[PDB]
There are 2 protein chains.
Amino acid sequence: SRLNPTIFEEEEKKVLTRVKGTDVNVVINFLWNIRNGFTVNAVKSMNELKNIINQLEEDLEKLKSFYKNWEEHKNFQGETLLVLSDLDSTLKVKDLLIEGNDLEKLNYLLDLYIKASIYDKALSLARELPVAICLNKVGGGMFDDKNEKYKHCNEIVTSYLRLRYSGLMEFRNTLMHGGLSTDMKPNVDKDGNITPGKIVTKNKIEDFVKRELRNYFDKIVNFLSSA
Amino acid sequence: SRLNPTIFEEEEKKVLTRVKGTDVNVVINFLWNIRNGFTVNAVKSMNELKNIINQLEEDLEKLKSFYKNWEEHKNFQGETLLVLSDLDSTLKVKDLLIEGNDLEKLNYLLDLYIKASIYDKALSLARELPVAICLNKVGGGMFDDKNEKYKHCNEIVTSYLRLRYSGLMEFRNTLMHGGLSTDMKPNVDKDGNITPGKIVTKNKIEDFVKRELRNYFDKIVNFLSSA
């Protein structure tokens, strides 16, 4: 915002105007929604982001060319605000994007949560995405108990998960409620000291989501296609 | 039982002994279980029945040959108890039989109930057979609420039926509870006169089971295979 050279060529200004207008705030918000589990919103932003980076690529090629032939763009010789590395590092957000319907975008996000080791968000998405998949097959509906299509769709995935994927459902609720919960059954003393109940290890959770969650999810979705 | 000729040849006696021993009571019991909806028991009897008729065929061929060459078996010339038509008509029970596991035998029975126009029994079997199909896929279990595998398996088929096959579930409960029920909502007067609630027609029920029940059931089972 605070970047404006006093003397600027027609081609320099034309591309700097584009650079000054890069919505870095939309990228930060995208990462915020992903971290805090606002999965629908993150996925809805994907197309907007796709355009943000498609332009940033165009600007980076032009700026890269400018700095490669730096002898012709001596107007930038004193500038300290435009840092090529800051913009080039931002282009990595291109990896977080995919094309397709919002369900396919959420499916990709599940894999992103797995790679990033965000166990809580990965397991909740693996639990709720098959309900949406189911809802889509039935012509659509809203995630609300008053919606009949949702009521039955949720009952199907919940009972199928409790029937075949008992582990998935257990890890999900434990990570969702944390340490102080009925899901972990800790014991509080007269002295104010707590002794954990189930003491679920770092390895059992890491191994399950990193090695089984995707294979399990793909089988759950495979089953729910026939619906 | 009351059939015994005074003079009997070695080949005549050998085959009459077999005829006298035909378990017609097992056939009557088979038809009783089918009519009263004891579907598991009817299906379990199928192999026994298969042997009953396999022998009755053998005896009928020999007796038919005896009566075709009646001049050689003049010992039967006065007999009134052995009626070829009674035994030959019994061989029609061969059509009610099929080979395969008890689930495949129950599947065939569903089609038998459809052809026979036993709407009540057909719809209850169409509702409960997918639970057993589901139970089998999960390694087996007992039809009891204390059985976890059953609990979830039933919840899946019940919610899938309420989600996609709303009609099937409605006709089932109506036929199961009959006229005087909450399923039909009749109204009783001060005078002791009742006015039906939903008045579901003979045609809507006939058309549904005779034209849609099998296509619908086959899709329900097709879905539950992926489980």
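Read the figures in this text as sums done on the coordinates, not as results from a lab. Cβ coordinates were reconstructed from backbone atoms using ideal geometry, including for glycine residues, and neighbour counts include every protein chain displayed.
Taken over the range A:34-77, residues that are closer than 19 Å to residue A:7 by Cα, part of a helix (DSSP H, G or I) and touching a residue at least 40 places away in the same chain (Cβ under 8 Å) amount to 5. Specify the residue that is nearest to residue A:118 (Cα to Cα); the eligible residues are those in the range A:176-197 that are loosely packed, with under 13 Cβ neighbours inside 10 Å and hydroxyl-bearing (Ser, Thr, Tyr). Among those residues, the one meeting the criterion is A:182. Residue B:173 satisfies every condition listed in (1) under 23 Å from the mean Cα position of the chain (by Cα); (2) buried (at least 18 other Cβ atoms within 10 Å of the Cβ); (3) under 25 Å from residue A:147 (Cβ atoms) except (2). The C-beta contact set for the range B:206-227 (first residue free of Cβ contacts under 8 Å to residues at least 24 places away in the same chain, second residue not in a helix (DSSP H, G or I), distance under 8 angstrom, 6+ apart or interchain) comprises B:222/A:226; B:226/A:226. Condition first: touching a residue at least 60 places away in the same chain (Cβ under 8 Å) and assigned to a loop (DSSP other than H, G, I, E, B). Now tell me which residues in the range B:78-87 satisfy that. Matches in the range B:78-87: B:79, B:81, B:82.
If I ask for residues that are of a type outside the set (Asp, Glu) and either surrounded by fewer than 16 Cβ atoms within 10 Å (Cβ to Cβ) or out of contact with any helix residue (DSSP H, G or I) (no Cβ under 8 Å at 6 or more places or on another chain) (or both), which ones from the range A:64-75 would you list? Within the range A:64-75, A:64, A:65, A:67, A:68, A:69, A:70, A:74 meet the criteria. Among the residues in the range B:124-134, are any surrounded by fewer than 16 Cβ atoms within 10 Å (Cβ to Cβ) and at negative phi? No, the conditions are met nowhere in the range B:124-134.
Would you pick out the residues in the range A:12-30 that are part of a helix (DSSP H, G or I) and either on the phi > 0 side of the Ramachandran plot or in contact (Cβ under 8 Å) with a residue 12 or more places away in the chain (or both)? Correct list: A:12, A:15, A:16, A:18, A:19, A:20, A:24, A:26, A:27, A:29, A:30. Residues in the range A:88-119 that are of a type in the set (S, T, N, Q), at negative phi and not in a helix (DSSP H, G or I): A:101 only.
Quick one: is residue B:61 out of contact with any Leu (no Cβ under 9 Å at 6 or more places or on another chain) and either loosely packed, with under 13 Cβ neighbours inside 10 Å or farther than 16 Å from residue B:14 by Cα (or both)? Taking the combined requirement at face value, the residue satisfies it.
Counted as qualifying within the range B:120-226 are the helices (runs of 4 or more DSSP H) with 2 or more residues that are within 14 Å of another protein chain (Cβ to nearest Cβ) and β-branched (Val, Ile, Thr), namely B:148-164, B:214-225.
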